[PDB]
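Have a look at the structure below, then the notes.
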Amino acid sequence: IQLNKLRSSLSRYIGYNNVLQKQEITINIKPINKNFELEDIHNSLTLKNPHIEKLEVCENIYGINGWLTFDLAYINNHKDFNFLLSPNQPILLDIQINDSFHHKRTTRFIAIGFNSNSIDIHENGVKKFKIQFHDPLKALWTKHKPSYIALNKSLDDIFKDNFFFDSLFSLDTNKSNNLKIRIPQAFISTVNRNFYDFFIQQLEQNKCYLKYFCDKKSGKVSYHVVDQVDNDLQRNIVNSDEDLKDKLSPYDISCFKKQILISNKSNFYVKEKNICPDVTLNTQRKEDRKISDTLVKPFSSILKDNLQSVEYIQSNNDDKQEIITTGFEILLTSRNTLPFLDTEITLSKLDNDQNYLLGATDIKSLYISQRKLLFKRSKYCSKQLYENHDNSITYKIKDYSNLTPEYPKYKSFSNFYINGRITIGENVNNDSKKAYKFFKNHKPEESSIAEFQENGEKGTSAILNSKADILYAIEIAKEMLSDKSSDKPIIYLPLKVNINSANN
Amino acid sequence: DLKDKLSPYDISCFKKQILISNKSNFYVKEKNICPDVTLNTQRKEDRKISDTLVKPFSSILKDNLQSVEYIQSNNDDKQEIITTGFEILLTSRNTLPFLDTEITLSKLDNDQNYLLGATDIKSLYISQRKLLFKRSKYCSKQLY
Amino acid sequence: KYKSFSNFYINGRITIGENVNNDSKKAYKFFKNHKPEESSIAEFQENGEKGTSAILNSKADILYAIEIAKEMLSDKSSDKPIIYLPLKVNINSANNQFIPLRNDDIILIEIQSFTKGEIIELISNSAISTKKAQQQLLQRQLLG
């Protein structure tokens, strides 16, 4: 040749789409043993012409969340005991989604889901099941909470100590060269929190990326941590398909349901000032923050005063952040995996020649930062199995000039207390029994309360702001190290000079 | 006339069977550290589990520290690794004929496997009840 | 509905006046009534204390003069930044000593609520060593 909603009513009944001729989705379930390897169950619990009621999959750049609901029959047999009738046993989930329009496009997910204190199975001789989804670096390291002290280890040397997983996947740390700087005193503290939150909190303060990634042929999970984006990643992020076009060719406009905005590139900011309230820092105290995005005007006479707390130490500098402005986020919806685009999360570009979005006409290339997948079993196919799927896919699209890393929510930790004994050397004479000695540079070298004394102090025998870089030697217990390091437990810490004293 | 063992008037009155978690077979190694100079014994000790035939994982810890007061540090908060039990949610449409659906701390035997459950399970008990009583819609308009 | 706030910390320097002689270099002076007027630890001393030289409950209305940074005022006020705060008498002392807070001492200050500020820590000294702790081992006091 108004009434496209009646197509969607028959779609939730069964199908009625175009030009989706075939859609076979599968799940391969393999158990994970004591030593974090794979057992043998065809070697799995293959799902097919749907036994699956509902699967939710959302995924960011870094990871995958989501749930699952399928059906089996019947009770009771030994083949399904160990898998789905016990908590605290990990499970691989290999999802393979094949479509055919005429050419084929394959998406593939790998995920581990296991959870203490939760099993959900329903009845009325057909038994439902409900399983969660996480990417394997999360769900393994979620139930892992160590806390120790490492000395003279760098970050790529720290994470590879705790990475007890090589028969499943691997993580690429060979491109960063910020996570290899030797830290002299590393205090790992997952006290009241996860270790995976520690994995990301020190990843945010080095400004890195993560990528979940699978090979489609065949499944090998690999995590990537690179400080920037180059062609060294994007060699390995080639979408292993053919005829992958861009620029919203007009088969896309045939397959949409909505367009939803989130906020846009604004034109006003709030003046955010920065105060270090300190006597004896004889420079400017107030300084204004710096914005990476110009052509933006401030408001008038509205402030945000971001103070810094004052320690006994000579107060540090300066936490040079930026005023985090707003970017650009379009939510889309669909009823298909889109023909003739790259709806597969690479960190690559998608051009603009058409203005069939809200968007802005002043926008360069684009990228995709999320996907969401609701797959529901069709109600006509429900009764057929009961006697003897659907689609709704969203997207996130952002400006390529605002390419910044995204991070999940985490927990800032709480402190923990250590009792500590002070020593000086090893051979202590009985006339040098209770002496004292001061240490320069994280090594047993003598120093003094002179030599640092920033000059309003040279000068007499006074200290102002109780300067750093002067360290005691403190022995601790021998059981707050790793299980393999033959070091000697000695923590160097700066002086509170006013402990056994007064202002005299 | 209070019987046990799921006599087959119970099977006539059910609506669903829902599981919560089951007796597992793996635990996480949970260690215990008192970080103190001048406690000249072992510092790390492993926690103790009341339920055997359960195997640990490999190279995953949970370090449960103790804070250090000025006092001579006490000992030892001898807890246990709280493992998982066994919880079936049922549903019904009646107060059940021929059981004890009244919360005693007594036993309910097993001769039938018409639950999910496990066949390696001895007697059972009941720890909750829930009651939704709604007025029938035919009786609504009559009083109205 | 609203939010009860959280505190913030200010480093603070103590002074007395403006012209400081070199025999009055590190003296101390006490202030009555939110103005530079002299006072004493007498004159207040609610009477279970007049009496000897004891203080019970460490009475208020006796204030130090504290300079702060010049950048915690408004953008138009040509005042002089001086915050008067009451005494914790037990800072440089014990239940014996009396070492008051002289000028050119640098001090952390909480502001626990509106019109409530306190004094916690000490960030200064006046008698230290300047040698490498292999030539001299000083343990000393300056006085007055």
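By convention in this document, the chains of the structure tokens carry letters A, B, ... by their order, each chain's residues are numbered from 1, and ligands are numbered from 1 in the order they are shown.
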Discussion item. To test your reading of the structure, identify every residue in segment 314-386 of chain A that backbone DSSP assigns to alpha helix (DSSP H), and report it as a count of residues only.
Written reply: 8
Restrict the calculation to only C-alpha atoms, then for each residue of chain C with any atom at most 10 Å from an atom of chain A give the closest atom pair and their distance in Å to one decimal, rows by chain and rising residue number, as a tab-separated table.
residue	atom	partner	partner_atom	distance
C:8	CA	A:309	CA	7.0
C:9	CA	A:309	CA	5.8
C:10	CA	A:277	CA	6.1
C:11	CA	A:278	CA	5.4
C:12	CA	A:279	CA	6.5
C:13	CA	A:279	CA	6.6
C:67	CA	A:279	CA	8.3
C:68	CA	A:279	CA	6.4
C:69	CA	A:279	CA	5.6
C:70	CA	A:285	CA	8.6
C:71	CA	A:285	CA	6.6
C:72	CA	A:277	CA	7.4
C:91	CA	A:502	CA	7.7
C:92	CA	A:502	CA	4.8
C:93	CA	A:502	CA	7.4
C:99	CA	A:502	CA	8.4
C:100	CA	A:503	CA	9.2
C:101	CA	A:503	CA	8.0
C:102	CA	A:503	CA	8.6
C:104	CA	A:464	CA	9.3
C:105	CA	A:503	CA	7.5
C:106	CA	A:464	CA	7.3
C:107	CA	A:312	CA	9.0
C:108	CA	A:310	CA	7.5
C:109	CA	A:310	CA	9.4
C:121	CA	A:312	CA	8.1
C:122	CA	A:498	CA	6.4
C:123	CA	A:465	CA	5.7
C:124	CA	A:464	CA	5.1
C:125	CA	A:503	CA	4.9
C:126	CA	A:462	CA	4.5
C:127	CA	A:461	CA	5.7
C:128	CA	A:461	CA	5.5
C:129	CA	A:449	CA	6.5
C:130	CA	A:450	CA	4.9
C:131	CA	A:448	CA	5.4
C:132	CA	A:448	CA	4.6
C:133	CA	A:437	CA	5.6
C:134	CA	A:437	CA	7.7
C:137	CA	A:435	CA	7.8
C:140	CA	A:504	CA	7.9
C:141	CA	A:504	CA	5.1
C:142	CA	A:504	CA	5.5
C:143	CA	A:504	CA	7.2
C:144	CA	A:504	CA	9.7
Could you write those residues out with N, CA and C atoms, as a compact mmCIF listing (two decimals), in the first residue's frame?
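Full text of result_19.txt as output:
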# COMPACT_ATOMS: atom_id res chain seq x y z
N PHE C 8 33.42 19.95 58.86
CA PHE C 8 34.59 20.16 58.02
C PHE C 8 35.69 20.76 58.88
N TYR C 9 36.94 20.53 58.48
CA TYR C 9 38.08 20.81 59.33
C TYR C 9 38.83 22.02 58.80
N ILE C 10 39.34 22.85 59.71
CA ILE C 10 40.08 24.05 59.35
C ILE C 10 41.37 24.06 60.13
N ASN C 11 42.49 24.28 59.45
CA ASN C 11 43.75 24.48 60.14
C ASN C 11 43.80 25.90 60.67
N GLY C 12 44.34 26.07 61.88
CA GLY C 12 44.28 27.37 62.51
C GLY C 12 45.52 27.81 63.26
N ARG C 13 45.90 29.07 63.07
CA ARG C 13 47.06 29.68 63.71
C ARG C 13 46.62 30.63 64.81
N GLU C 67 43.88 33.01 64.11
CA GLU C 67 43.83 33.41 62.71
C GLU C 67 43.57 32.19 61.84
N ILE C 68 42.88 32.41 60.73
CA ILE C 68 42.63 31.35 59.76
C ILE C 68 43.10 31.86 58.41
N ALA C 69 42.88 31.08 57.36
CA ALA C 69 43.16 31.54 56.02
C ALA C 69 42.24 32.70 55.66
N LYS C 70 42.75 33.61 54.82
CA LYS C 70 41.96 34.76 54.40
C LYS C 70 40.93 34.42 53.34
N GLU C 71 40.84 33.16 52.91
CA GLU C 71 39.96 32.77 51.82
C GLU C 71 38.77 31.96 52.30
N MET C 72 38.42 32.06 53.58
CA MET C 72 37.18 31.46 54.05
C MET C 72 36.25 32.53 54.59
N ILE C 91 45.22 20.05 76.63
CA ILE C 91 45.86 19.74 75.35
C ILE C 91 47.36 19.54 75.52
N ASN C 92 48.08 20.59 75.91
CA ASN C 92 49.51 20.48 76.17
C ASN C 92 49.79 20.10 77.61
N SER C 93 49.06 19.13 78.16
CA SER C 93 49.11 18.97 79.60
C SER C 93 48.62 17.58 79.99
N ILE C 99 50.36 24.15 80.44
CA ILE C 99 51.06 24.72 79.30
C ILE C 99 50.01 25.25 78.33
N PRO C 100 49.73 26.55 78.38
CA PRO C 100 48.67 27.11 77.53
C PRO C 100 49.13 27.24 76.09
N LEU C 101 48.16 27.46 75.22
CA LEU C 101 48.42 27.58 73.79
C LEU C 101 48.94 28.98 73.50
N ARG C 102 50.25 29.08 73.30
CA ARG C 102 50.91 30.32 72.94
C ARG C 102 50.59 30.69 71.50
N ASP C 104 51.72 31.51 67.50
CA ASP C 104 52.42 30.69 66.50
C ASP C 104 52.40 29.21 66.86
N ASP C 105 51.22 28.74 67.24
CA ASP C 105 50.91 27.32 67.22
C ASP C 105 49.84 27.08 66.17
N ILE C 106 49.96 25.96 65.46
CA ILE C 106 49.11 25.65 64.33
C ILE C 106 48.31 24.40 64.66
N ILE C 107 46.99 24.47 64.46
CA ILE C 107 46.02 23.64 65.17
C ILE C 107 44.86 23.28 64.25
N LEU C 108 44.42 22.02 64.31
CA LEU C 108 43.18 21.60 63.65
C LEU C 108 41.96 22.03 64.43
N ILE C 109 40.91 22.42 63.71
CA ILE C 109 39.69 22.95 64.30
C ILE C 109 38.49 22.28 63.63
N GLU C 121 43.84 18.72 67.52
CA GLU C 121 45.21 18.25 67.35
C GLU C 121 46.18 19.41 67.29
N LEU C 122 47.46 19.05 67.34
CA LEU C 122 48.57 19.99 67.41
C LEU C 122 49.50 19.74 66.23
N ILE C 123 49.64 20.73 65.35
CA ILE C 123 50.58 20.56 64.25
C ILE C 123 51.60 21.68 64.31
N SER C 124 52.64 21.50 65.13
CA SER C 124 53.73 22.45 65.33
C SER C 124 54.69 21.84 66.34
N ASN C 125 55.84 22.48 66.48
CA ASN C 125 56.70 22.38 67.66
C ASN C 125 57.55 23.63 67.75
N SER C 126 58.36 23.69 68.79
CA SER C 126 59.33 24.76 68.93
C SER C 126 60.70 24.28 69.38
N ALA C 127 60.82 23.05 69.87
CA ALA C 127 62.10 22.48 70.29
C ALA C 127 62.24 21.12 69.64
N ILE C 128 63.11 21.02 68.65
CA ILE C 128 63.38 19.76 67.96
C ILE C 128 64.88 19.59 67.81
N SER C 129 65.28 18.52 67.14
CA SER C 129 66.65 18.36 66.70
C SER C 129 66.76 18.72 65.22
N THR C 130 68.00 18.97 64.79
CA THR C 130 68.30 19.22 63.39
C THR C 130 69.40 18.31 62.88
N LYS C 131 69.74 17.26 63.61
CA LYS C 131 70.86 16.40 63.29
C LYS C 131 70.37 14.97 63.07
N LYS C 132 71.27 14.12 62.58
CA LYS C 132 70.90 12.86 61.95
C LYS C 132 70.68 11.72 62.93
N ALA C 133 70.47 12.01 64.22
CA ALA C 133 70.19 11.02 65.28
C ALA C 133 71.29 9.96 65.41
N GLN C 134 72.51 10.32 65.01
CA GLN C 134 73.70 9.55 65.28
C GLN C 134 74.73 10.40 66.02
N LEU C 137 71.08 13.04 70.56
CA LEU C 137 69.78 12.44 70.85
C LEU C 137 69.08 13.39 71.83
N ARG C 140 64.14 17.42 75.15
CA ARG C 140 64.23 18.72 75.80
C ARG C 140 62.88 19.42 75.83
N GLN C 141 62.86 20.57 76.50
CA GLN C 141 61.72 21.46 76.58
C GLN C 141 62.19 22.90 76.50
N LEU C 142 61.47 23.73 75.76
CA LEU C 142 61.62 25.16 75.96
C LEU C 142 60.53 25.66 76.90
N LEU C 143 60.78 26.80 77.54
CA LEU C 143 59.86 27.30 78.55
C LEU C 143 59.70 28.80 78.43
N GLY C 144 58.47 29.27 78.62
CA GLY C 144 58.19 30.69 78.75
C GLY C 144 58.32 31.50 77.48
Practice prompt. Find the residues around segment 91-93 of chain B up to 8 Å (only C-alpha atoms counted), leave out those fewer than 2 positions away in its own chain, and share them as a ChimeraX atom specification.
Written response: /B:13-17,89,95-96
Worksheet item: When distances are computed from only C-alpha atoms, which of A:392, A:8, A:176, A:88 shows the smallest separation from residue 33 of chain A?
Response: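 Ranking A:392, A:8, A:176, A:88 by distance to residue 33 of chain A, first place goes to A:88.
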Practice prompt. Counting only C-alpha atoms, figure out which residue out of B:6, B:108, B:88, B:143 gets nearest to chain A.
Written response: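 Among the listed residues, the smallest separation from chain A belongs to B:88.
Interatomic distance, atom CA of residue 109 of chain B to atom CA of residue 20 of chain B: 20.1 Å.
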Interface rows for chain B against chain A: nearest pair, Å to one decimal, 7 Å, only C-alpha atoms, as JSON lines:
{"residue": "B:15", "atom": "CA", "partner": "A:124", "partner_atom": "CA", "distance": 5.5}
{"residue": "B:16", "atom": "CA", "partner": "A:124", "partner_atom": "CA", "distance": 4.2}
{"residue": "B:17", "atom": "CA", "partner": "A:123", "partner_atom": "CA", "distance": 5.3}
{"residue": "B:18", "atom": "CA", "partner": "A:122", "partner_atom": "CA", "distance": 4.9}
{"residue": "B:19", "atom": "CA", "partner": "A:121", "partner_atom": "CA", "distance": 5.4}
{"residue": "B:20", "atom": "CA", "partner": "A:119", "partner_atom": "CA", "distance": 4.9}
{"residue": "B:21", "atom": "CA", "partner": "A:119", "partner_atom": "CA", "distance": 4.8}
{"residue": "B:22", "atom": "CA", "partner": "A:86", "partner_atom": "CA", "distance": 5.4}
{"residue": "B:23", "atom": "CA", "partner": "A:86", "partner_atom": "CA", "distance": 6.5}
{"residue": "B:24", "atom": "CA", "partner": "A:86", "partner_atom": "CA", "distance": 5.1}
{"residue": "B:26", "atom": "CA", "partner": "A:88", "partner_atom": "CA", "distance": 6.2}
{"residue": "B:35", "atom": "CA", "partner": "A:477", "partner_atom": "CA", "distance": 6.0}
{"residue": "B:36", "atom": "CA", "partner": "A:419", "partner_atom": "CA", "distance": 5.3}
{"residue": "B:37", "atom": "CA", "partner": "A:477", "partner_atom": "CA", "distance": 5.6}
{"residue": "B:43", "atom": "CA", "partner": "A:479", "partner_atom": "CA", "distance": 6.6}
{"residue": "B:44", "atom": "CA", "partner": "A:479", "partner_atom": "CA", "distance": 6.8}
{"residue": "B:57", "atom": "CA", "partner": "A:34", "partner_atom": "CA", "distance": 5.5}
{"residue": "B:58", "atom": "CA", "partner": "A:35", "partner_atom": "CA", "distance": 5.9}
{"residue": "B:60", "atom": "CA", "partner": "A:144", "partner_atom": "CA", "distance": 5.6}
{"residue": "B:61", "atom": "CA", "partner": "A:146", "partner_atom": "CA", "distance": 5.6}
{"residue": "B:62", "atom": "CA", "partner": "A:145", "partner_atom": "CA", "distance": 4.7}
{"residue": "B:63", "atom": "CA", "partner": "A:146", "partner_atom": "CA", "distance": 5.3}
{"residue": "B:67", "atom": "CA", "partner": "A:417", "partner_atom": "CA", "distance": 5.8}
{"residue": "B:68", "atom": "CA", "partner": "A:417", "partner_atom": "CA", "distance": 6.3}
{"residue": "B:84", "atom": "CA", "partner": "A:117", "partner_atom": "CA", "distance": 6.7}
Output the selection as a PDB file, in the first residue's frame - N, CA and C atoms for each residue.
ATOM      1  N   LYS B  15      -0.913 -26.370  45.478  1.00  0.00           N
ATOM      2  CA  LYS B  15      -0.965 -25.482  44.329  1.00  0.00           C
ATOM      3  C   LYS B  15       0.401 -25.393  43.655  1.00  0.00           C
ATOM      4  N   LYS B  16       1.475 -25.320  44.444  1.00  0.00           N
ATOM      5  CA  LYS B  16       2.834 -25.259  43.917  1.00  0.00           C
ATOM      6  C   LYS B  16       3.788 -25.958  44.871  1.00  0.00           C
ATOM      7  N   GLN B  17       5.050 -26.033  44.450  1.00  0.00           N
ATOM      8  CA  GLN B  17       6.183 -26.350  45.309  1.00  0.00           C
ATOM      9  C   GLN B  17       7.335 -25.460  44.880  1.00  0.00           C
ATOM     10  N   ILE B  18       7.895 -24.708  45.818  1.00  0.00           N
ATOM     11  CA  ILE B  18       8.954 -23.754  45.524  1.00  0.00           C
ATOM     12  C   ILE B  18      10.159 -24.095  46.386  1.00  0.00           C
ATOM     13  N   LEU B  19      11.332 -24.166  45.769  1.00  0.00           N
ATOM     14  CA  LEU B  19      12.554 -24.316  46.542  1.00  0.00           C
ATOM     15  C   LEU B  19      13.163 -22.977  46.919  1.00  0.00           C
ATOM     16  N   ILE B  20      13.916 -23.010  48.010  1.00  0.00           N
ATOM     17  CA  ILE B  20      14.962 -22.054  48.338  1.00  0.00           C
ATOM     18  C   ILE B  20      16.157 -23.001  48.422  1.00  0.00           C
ATOM     19  N   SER B  21      17.341 -22.515  48.801  1.00  0.00           N
ATOM     20  CA  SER B  21      18.592 -23.239  48.603  1.00  0.00           C
ATOM     21  C   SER B  21      18.657 -24.540  49.404  1.00  0.00           C
ATOM     22  N   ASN B  22      19.611 -25.375  49.009  1.00  0.00           N
ATOM     23  CA  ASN B  22      19.691 -26.775  49.381  1.00  0.00           C
ATOM     24  C   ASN B  22      21.034 -27.007  50.060  1.00  0.00           C
ATOM     25  N   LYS B  23      21.206 -28.195  50.642  1.00  0.00           N
ATOM     26  CA  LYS B  23      22.458 -28.569  51.292  1.00  0.00           C
ATOM     27  C   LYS B  23      23.560 -28.654  50.247  1.00  0.00           C
ATOM     28  N   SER B  24      24.470 -27.687  50.270  1.00  0.00           N
ATOM     29  CA  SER B  24      25.480 -27.555  49.234  1.00  0.00           C
ATOM     30  C   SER B  24      26.626 -28.532  49.473  1.00  0.00           C
ATOM     31  N   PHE B  26      30.109 -27.246  48.702  1.00  0.00           N
ATOM     32  CA  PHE B  26      31.328 -26.456  48.634  1.00  0.00           C
ATOM     33  C   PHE B  26      31.231 -25.276  49.587  1.00  0.00           C
ATOM     34  N   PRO B  35      45.805  -9.341  64.024  1.00  0.00           N
ATOM     35  CA  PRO B  35      47.082  -8.674  63.750  1.00  0.00           C
ATOM     36  C   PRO B  35      47.638  -7.985  64.982  1.00  0.00           C
ATOM     37  N   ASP B  36      48.614  -8.623  65.618  1.00  0.00           N
ATOM     38  CA  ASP B  36      49.172  -8.126  66.867  1.00  0.00           C
ATOM     39  C   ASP B  36      50.629  -8.524  66.976  1.00  0.00           C
ATOM     40  N   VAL B  37      51.478  -7.539  67.235  1.00  0.00           N
ATOM     41  CA  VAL B  37      52.759  -7.831  67.842  1.00  0.00           C
ATOM     42  C   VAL B  37      52.493  -8.277  69.277  1.00  0.00           C
ATOM     43  N   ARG B  43      48.936 -16.717  64.406  1.00  0.00           N
ATOM     44  CA  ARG B  43      48.036 -15.590  64.211  1.00  0.00           C
ATOM     45  C   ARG B  43      46.876 -15.980  63.302  1.00  0.00           C
ATOM     46  N   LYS B  44      47.180 -16.571  62.150  1.00  0.00           N
ATOM     47  CA  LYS B  44      46.149 -17.106  61.276  1.00  0.00           C
ATOM     48  C   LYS B  44      45.665 -18.451  61.790  1.00  0.00           C
ATOM     49  N   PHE B  57      36.881 -24.535  48.277  1.00  0.00           N
ATOM     50  CA  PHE B  57      37.397 -24.069  47.003  1.00  0.00           C
ATOM     51  C   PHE B  57      38.915 -23.959  47.077  1.00  0.00           C
ATOM     52  N   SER B  58      39.527 -23.641  45.946  1.00  0.00           N
ATOM     53  CA  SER B  58      40.971 -23.508  45.857  1.00  0.00           C
ATOM     54  C   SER B  58      41.325 -22.050  45.626  1.00  0.00           C
ATOM     55  N   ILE B  60      40.753 -19.128  47.245  1.00  0.00           N
ATOM     56  CA  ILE B  60      39.829 -18.031  47.513  1.00  0.00           C
ATOM     57  C   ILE B  60      39.671 -17.916  49.022  1.00  0.00           C
ATOM     58  N   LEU B  61      39.845 -16.708  49.548  1.00  0.00           N
ATOM     59  CA  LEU B  61      39.890 -16.481  50.979  1.00  0.00           C
ATOM     60  C   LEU B  61      38.745 -15.576  51.407  1.00  0.00           C
ATOM     61  N   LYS B  62      38.529 -15.530  52.718  1.00  0.00           N
ATOM     62  CA  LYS B  62      37.747 -14.483  53.371  1.00  0.00           C
ATOM     63  C   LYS B  62      38.467 -14.153  54.667  1.00  0.00           C
ATOM     64  N   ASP B  63      39.114 -12.995  54.718  1.00  0.00           N
ATOM     65  CA  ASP B  63      39.944 -12.618  55.855  1.00  0.00           C
ATOM     66  C   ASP B  63      39.108 -11.800  56.827  1.00  0.00           C
ATOM     67  N   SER B  67      39.743  -5.923  65.216  1.00  0.00           N
ATOM     68  CA  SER B  67      40.345  -4.639  65.530  1.00  0.00           C
ATOM     69  C   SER B  67      41.202  -4.759  66.783  1.00  0.00           C
ATOM     70  N   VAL B  68      42.126  -3.822  66.939  1.00  0.00           N
ATOM     71  CA  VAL B  68      43.099  -3.877  68.020  1.00  0.00           C
ATOM     72  C   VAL B  68      42.821  -2.723  68.967  1.00  0.00           C
ATOM     73  N   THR B  84      24.685 -23.549  54.298  1.00  0.00           N
ATOM     74  CA  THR B  84      23.311 -23.456  53.838  1.00  0.00           C
ATOM     75  C   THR B  84      22.521 -24.663  54.316  1.00  0.00           C
TER      76      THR B  84
END
Item to complete: Tell me, as a list in words, which residues lie within 6 Å of segment 65-70 of chain A, counting only C-alpha atoms; anything in the same chain fewer than 5 positions away does not count.
Response: residues 51, 52, 53, 54, 55, 56, 57, 58, 128, 129, 130, 131, 132, 133 and 134 of chain A
Discussion item. Show me, as a VMD selection string, the residues that have an atom within 12 Å of residue 473 of chain A when counting only C-alpha atoms, minus same-chain residues fewer than 3 positions from it.
Written reply: chain A and resid 420 to 426 436 to 446 470 476 488 to 495
Just the strand (DSSP E or B) stuff from chain B, please, per backbone DSSP, written as a PDB file with C-alpha atoms, in the first residue's frame.
ATOM      1  CA  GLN B  17       6.183 -26.350  45.309  1.00  0.00           C
ATOM      2  CA  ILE B  18       8.954 -23.754  45.524  1.00  0.00           C
ATOM      3  CA  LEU B  19      12.554 -24.316  46.542  1.00  0.00           C
ATOM      4  CA  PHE B  26      31.328 -26.456  48.634  1.00  0.00           C
ATOM      5  CA  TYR B  27      32.448 -23.762  51.059  1.00  0.00           C
ATOM      6  CA  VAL B  28      34.810 -20.796  50.997  1.00  0.00           C
ATOM      7  CA  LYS B  29      37.954 -20.941  53.139  1.00  0.00           C
ATOM      8  CA  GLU B  30      37.435 -18.302  55.821  1.00  0.00           C
ATOM      9  CA  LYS B  31      40.567 -17.431  57.771  1.00  0.00           C
ATOM     10  CA  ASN B  32      40.901 -15.499  61.018  1.00  0.00           C
ATOM     11  CA  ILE B  33      43.688 -12.999  61.699  1.00  0.00           C
ATOM     12  CA  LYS B  44      46.149 -17.106  61.276  1.00  0.00           C
ATOM     13  CA  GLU B  45      43.721 -19.862  62.206  1.00  0.00           C
ATOM     14  CA  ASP B  46      41.088 -21.410  59.974  1.00  0.00           C
ATOM     15  CA  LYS B  55      34.992 -29.541  50.160  1.00  0.00           C
ATOM     16  CA  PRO B  56      36.714 -26.132  50.063  1.00  0.00           C
ATOM     17  CA  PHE B  57      37.397 -24.069  47.003  1.00  0.00           C
ATOM     18  CA  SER B  58      40.971 -23.508  45.857  1.00  0.00           C
ATOM     19  CA  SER B  59      42.777 -20.179  46.404  1.00  0.00           C
ATOM     20  CA  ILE B  60      39.829 -18.031  47.513  1.00  0.00           C
ATOM     21  CA  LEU B  61      39.890 -16.481  50.979  1.00  0.00           C
ATOM     22  CA  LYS B  62      37.747 -14.483  53.371  1.00  0.00           C
ATOM     23  CA  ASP B  63      39.944 -12.618  55.855  1.00  0.00           C
ATOM     24  CA  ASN B  64      37.935 -11.774  58.976  1.00  0.00           C
ATOM     25  CA  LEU B  65      40.161  -9.415  60.942  1.00  0.00           C
ATOM     26  CA  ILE B  88      10.909 -25.643  50.660  1.00  0.00           C
ATOM     27  CA  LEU B  89       8.146 -23.127  50.149  1.00  0.00           C
ATOM     28  CA  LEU B  90       4.800 -24.830  49.644  1.00  0.00           C
ATOM     29  CA  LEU B 108       7.397 -34.872  60.251  1.00  0.00           C
ATOM     30  CA  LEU B 124      11.128 -32.499  58.807  1.00  0.00           C
TER      31      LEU B 124
END
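Excluding residue 16 of chain C itself and same-chain residues fewer than 6 positions from it, the residues having an atom within 8 Å of it are residues 28, 29, 65 and 103 of chain C, counting only C-alpha atoms.
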Write the residues you've just listed into a file as a short mmCIF file (atom, residue, chain, number, x, y, z; two decimals), in the first residue's frame, and include C-alpha atoms for each of them.
data_model
loop_
_atom_site.label_atom_id
_atom_site.label_comp_id
_atom_site.auth_asym_id
_atom_site.auth_seq_id
_atom_site.Cartn_x
_atom_site.Cartn_y
_atom_site.Cartn_z
CA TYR C 28 49.51 33.80 75.90
CA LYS C 29 46.39 35.84 76.56
CA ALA C 65 42.39 34.20 69.27
CA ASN C 103 50.88 32.18 69.66
#
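Rounded to one decimal, atom CA of residue 252 of chain A and atom CA of residue 212 of chain A lie 26.5 Å from each other.
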Contacts of segment 74-80 of chain B at 7 Å (only C-alpha atoms; same-chain gap of 6+ positions) as a PDB file with C-alpha atoms, in the first residue's frame:
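Written file, part_27.pdb:
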ATOM      1  CA  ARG B  47      37.439 -21.461  60.976  1.00  0.00           C
ATOM      2  CA  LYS B  48      35.591 -24.653  61.859  1.00  0.00           C
ATOM      3  CA  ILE B  49      32.552 -26.139  60.117  1.00  0.00           C
TER       4      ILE B  49
END
